[PDB]
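Participant: This one's experimental. Sequence and coordinates below.
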Amino acid sequence: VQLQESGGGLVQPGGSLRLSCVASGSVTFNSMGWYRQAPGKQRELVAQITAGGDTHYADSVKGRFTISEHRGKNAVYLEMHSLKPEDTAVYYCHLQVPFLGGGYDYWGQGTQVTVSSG
Amino acid sequence: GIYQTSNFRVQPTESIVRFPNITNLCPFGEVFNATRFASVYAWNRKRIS
Ligand SMILES: *[C@@H]1O[C@H](CO)[C@@H](O)[C@H](O)[C@H]1NC(C)=O
Ligand SMILES: *[C@@H]1O[C@H](CO)[C@@H](O)[C@H](O)[C@H]1NC(C)=O
């Protein structure tokens, strides 16, 4: 339970929009992860940001996603641009909350985003 | 003098009920609208949450 997320806009390929994991308060973390899954394929990774400053991206998403962390509103924002129809999926925010030394990410919450010309 | 006659109160205009819809769509189309269905012995159950 604890945290939560929803929202998102359906846009045409080549657009730009800001996915936001809507904040649920101040939570202890060291790694925020944007992650995407579409039916018919293995659930794949998008990008991780680190409280220290480390930033990792998947190989297929270069130059199209920008990840940023806002510690006042404690939310991670993904600005997505130059879209192609392979991003049609639902996007999840996985946490890092230390459980025994890390684990139990709260990626239950999802945001369905489909990019299409029609 | 000054006398107190009655008491005045504001009445609610419209009643509003909201529970959190907040979620994803739901995996139903892939079950009912699926092209192929499993056999009656290799049973296909899809999990929904
Ligand atoms: C819940 O909200 C999302 C977006 O806010 C919407 O896509 C979805 O259809 C809503 N659910 C219902 C049952 O209306
Ligand atoms: C199955 O798909 C068709 C066309 O995409 C649609 O009209 C129909 O409503 C779908 N089935 C259900 C149960 O929604």
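Facilitator: Perfect, I can see it now. Residues are numbered from 1 along each chain as shown, chains lettered A, B, ... in the order given. Ligands and ions are numbered 1, 2, ... in the order given.

Participant: What count of nearby residues applies to residue A:69?
Facilitator: The local packing count at residue A:69 equals 16, with neighbours defined by other C-beta atoms under 10 Å in any protein chain shown. (Each C-beta comes from the backbone N, C-alpha and C, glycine too.)

Participant: Now do the same contact list for it.
Facilitator: Taking C-beta atoms under 8 Å, 6 or more residues apart in numbering or on different chains as the definition of contact, the neighbours of residue A:69 are A:32, A:49, A:51, A:75-77.

Participant: I'd like to know which of those residues is nearest to chain B.
Facilitator: Nearest to chain B out of the contacts of residue A:69 is residue A:75 (C-beta to the nearest C-beta; 15.4 Å).

Participant: can you list the residues of chain B near chain A?
Facilitator: Counting by C-beta under 8 Å from any C-beta of the partner chain, chain B comes close to chain A at B:20, B:22-25, B:27, B:30.

Participant: Please check these and keep the buried ones.
Facilitator: The neighbour-count test (16 or more other C-beta atoms under 10 Å in any protein chain shown) marks residue B:24 as buried among those.

Participant: Does the residue positioned nearest the centre of chain A lie in a helix or a strand, and which?
Facilitator: Centre of chain A computed as the mean C-alpha position; nearest residue by C-alpha atoms, centre = their mean is residue A:34, 2.4 Å away. With secondary structure defined by DSSP states H and E, residue A:34 is part of strand A:31-37.

Participant: Between the residues of chain B next to chain A, which sits nearest residue A:22?
Facilitator: Among the residues of chain B next to chain A, residue B:22 lies closest to residue A:22 (C-beta to C-beta), at 8.8 Å.

Participant: Quick check on residue A:69: phi, psi?
Facilitator: Geometry field for residue A:69 lists phi and psi as phi -120, psi 130, criterion degrees, to the nearest 10.
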